[PDB]
Amino acid sequence: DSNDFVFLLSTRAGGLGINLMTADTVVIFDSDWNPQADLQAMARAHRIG
DNA sequence: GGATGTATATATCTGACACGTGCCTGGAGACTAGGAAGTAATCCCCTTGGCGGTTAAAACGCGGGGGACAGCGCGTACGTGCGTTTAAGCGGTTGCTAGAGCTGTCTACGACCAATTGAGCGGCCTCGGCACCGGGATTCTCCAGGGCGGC
């Protein structure tokens with residue numbers, strides 16, 4: 001029953017344990033030097049199931 | 001009618017300008033060597049913007065009492081003024097010596113350059129001491145047998 005539409009992150013925060021199941025689109029506003037940080041950022045929403 | 005106040009003219013004093021001279025120090029011209037600017041490479045420290053977790057320091061609030069400050073009294077010690085003394089200030093004597101300045105001579109001492117080598121910096125191997133692991137000696141807790149009591 002969430003009225004939230006957009007969820008903002010700093011890219012390197014939260015660790016690997018953030019579940020962001022309900023979201024669908026990921027906007028990388030600023031790219032990282034390390035591509036694994038952006039891969040983890042995309043995998044916040046691209047989880048199993 | 002006599003003497004006093006005031007204006008203009010002339011001689012003298014004094015700071016400033018220019019002339020003269022020495023001399024010595026700064027400027028002009030030429031040559032040379034090296035100090036510093038520039039270049040390339042390598043490596044380590046600093047910058048900016050973040051994240052995560054610990055934790056002790058910082059912040060905030062509140063009660064209370066110690067200390068800052070104000071007021072008052074008092075007595076003493078310092079200011080003030082005057083008369084007296086005294087020593088500072090100035091001018092002066094009289095010689096000798098210290099010291100600045102200048103000139104002159106010379107000699108020992110320090111700059112400079114080439115060759116050498118031995119003391120300073122870095123790494124490597126070893127010892128002194130501290131620590132990890134295995135074995136022997138000493139002391140503590142426990143399980144079972146013997147004897148006694150009850151129905």
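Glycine also receives a Cβ, built like all others from the backbone with ideal geometry; neighbour counts cover every protein chain displayed. What follows draws every value from the coordinates through simple rules; no lab data is involved.
May I ask you to list the chymotrypsin sites (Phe, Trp or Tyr not before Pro) in chain A that are in a DSSP loop and have at most 10 other Cβ atoms within 10 Å of their Cβ? When the chymotrypsin sites (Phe, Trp or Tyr not before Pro) of chain A are filtered for loop state and at most 10 Cβ neighbours within 10 Å, A:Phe5, A:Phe29, A:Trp33 remain.
Where only DSSP H runs of four or more residues are counted, chain A gives -5000 deg cm²/dmol as its mean residue ellipticity at 222 nm, each run worth -39500 (n - 2.57). With contacts taken as Cα pairs under 8 Å at a separation of at least 6 residues, chain A carries a relative contact order of 45 percent.
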